[PDB]
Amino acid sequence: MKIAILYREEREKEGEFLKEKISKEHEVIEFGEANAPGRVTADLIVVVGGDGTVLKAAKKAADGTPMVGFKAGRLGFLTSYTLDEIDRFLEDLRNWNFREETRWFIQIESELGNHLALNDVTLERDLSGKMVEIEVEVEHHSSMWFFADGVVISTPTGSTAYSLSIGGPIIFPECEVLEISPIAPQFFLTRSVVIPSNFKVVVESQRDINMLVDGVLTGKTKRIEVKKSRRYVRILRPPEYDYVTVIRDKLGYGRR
């Protein structure tokens, strides 16, 4: 089997450990930094790092290419195995014994071009800026209006990241929905809106504000159009994998 391995900056030596273990049963076709630009094609990509790293690897992957993350940094939702479980991984792999999750991107269109996000996209005022009138227009519906700092549009994957910090729901990654969350609105409108993932969303602001795509500044705009992409990443999970163990351990939600 043909495997690429991608690792986070200071985890190279970890990557090397994994490479040698995996080399006993499979051909490792590529080994490099999740940073380096370039398309990666393999029957499978191993990522050493965290959700951040997996995110960057997901954008490098040939559309289709299953991936697997080894927790190197901390606990996240996009990592499947710890390093002490490497032999378990080799055993699951042997028989291809995994649950496969599909995580789909969103596509963002604006004057800045076309962006892709696995978590979310954010429009927000400058720190020195006054609040802004923001118009949210779902599908063919009339508009919702907010006077706010900004708005975050999230995928199920991204529901547990920034959107959760401002009051959004925990969305299970299988849900077929998008999530819209005003940032610090007036008139106490601190509730998110959940729409079907087949609806598109136009966001307009009264003046240009900052756009962040998966948390990276990218420029200022008055207008974006967001929808579900057909691009998606595939995440391999061990059969026991339990997302709800992660909601407890990492988010601190629902502990006994």
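Numbering starts at 1 and follows the sequence shown.
- The stretch 5-13 shows the higher mean C-alpha B-factor when 240-248 is compared against 5-13 in the entry.
- A summary of the deposited B-factors shows that, of 195-203 and 27-35, the stretch with the larger mean C-alpha value is 27-35.
- Annotation for 115, 74, 88, 94: 74 ranks highest, by Cα B-factor.
- Looking at 224, 62, 67, 48, the one whose CA carries the top B-factor in the deposited record is 62.
- The entry lists a Cα temperature factor for residue 228 that places it in the middle third of the chain's modelled residues.
- In this PDB entry, the Cα temperature factor of residue 128 sits in the top third of its chain's modelled residues, the highest group.
- For residue 154, the recorded CA temperature factor ranks within the lowest third of the chain's modelled residues.
- Among the modelled residues of its chain, residue 212 has a C-alpha B-factor that falls in the middle third, as given in the PDB entry.
- In the deposited entry, the Cα temperature factor of residue 122 places it in the middle third of its chain's modelled residues.
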